[PDB]
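[1] This one's experimental. Sequence and coordinates below.
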Amino acid sequence: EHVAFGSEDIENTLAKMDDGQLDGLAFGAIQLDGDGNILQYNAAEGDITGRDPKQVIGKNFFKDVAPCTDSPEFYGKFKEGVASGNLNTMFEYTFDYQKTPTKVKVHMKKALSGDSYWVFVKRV
Ligand SMILES: *C(=O)/C=C/c1ccc(O)cc1
């Protein structure tokens with residue numbers, strides 16, 4: 001799937017993708033509901049993070065899978081965007097719960113579909 005991390009229209013392009021198409025992206029992609037529950041989780045994200053894309057669906061990202069992101073800098077930005085109904089933020093972050101500290105770039109962007117939000121990840 002020919003789509004770049006950070007592209008302006010990413011939410012329009014990713015509205016059409018099934019599981020298999022999301023798995024063809026060059027970067028990690030997670031779709032969360034407004035509470036942080038995982039709706040979609042692609043193969044590229046599992047390759048970066050070691051998590052099993054099949055097992056994480058239905059878990060809460062902030063409570064269960066990713067406690068290192070339960071902080072004002074990540075979760076706080078997420079919830080502020082859910083509350084406002086708009087979200088488009090990029091930042092760097094370190095993942096160090098199950099892994100050697102690993103720095104990534106994160107892009108969170110409200111989806112087109114209802115009650116859903118994207119978290120995109122790539123290595124830096
Ligand atoms: C810190 O606990 C981060 C965990 C994490 C980041 C991204 C994922 O896709 C899965 C777990």
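    It's in. Numbers count the residues shown, from 1 in each chain.
[2] What's the separation between residue 93 and residue 124?
    To residue 124, residue 93 is 10 Å away according to C-beta to C-beta, to the nearest Å. In this view, the C-beta of every residue, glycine as well, is placed from N, C-alpha and C.
[3] Can you pick out the residue with more neighbours from these two?
    Between residue 93 and residue 124, counted using other C-beta atoms under 10 Å, residue 93 has the larger neighbour count: 17 against 8.
[4] Show me what that one bridges to in the sheet.
    residue 104 (DSSP bridges).
[5] Nearest residue to whichever residue of the chain sits closest to the ligand in space, please, no chain neighbours.
    In the chain, the residue that lies nearest the ligand is residue 68 (2.7 Å; C-beta to the nearest ligand atom). With sequence-adjacent residues excluded and distances taken as C-beta to C-beta, 6 or more residues apart in numbering, residue 68 is closest to residue 97, at 4.4 Å.
[6] Report how many residues lie close to that neighbour.
    Neighbour number of residue 97 under other C-beta under 10 Å is 12.
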